[PDB]
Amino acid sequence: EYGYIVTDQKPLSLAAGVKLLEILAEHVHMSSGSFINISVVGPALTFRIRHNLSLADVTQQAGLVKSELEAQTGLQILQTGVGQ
């Protein structure tokens, strides 16, 4: 399983994807280095989480703070979820 965030960026930069994860990490009180196996592919950011909070927790939290994520990164978040 992996977490993902689909943005409006065509394509999403690696720098902006990591910025999303830094902000997300802060909101869940985890080190951003606990986001592992990160990739950007087209508009999407994908990631897993290291031993430390679950993917469910973090994608739920990404919804909770979506406004803040969008304002700080200058992009729009179109989907957040879990894949496998």
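We number the residues from 1 along the sequence you see.
The deposited sequence places 1 to 3 unmodelled residues between residue 52 and residue 53. The question of which stretch, 71-79 or 56-64, has the higher mean Cα B factor is settled in favour of 56-64. When the CA B factors of the chain's modelled residues are split into thirds, the value for residue 33 lands in the highest one. Residue-level temperature factors show residue 23 in the highest third of its chain, judged at the C-alpha atom.
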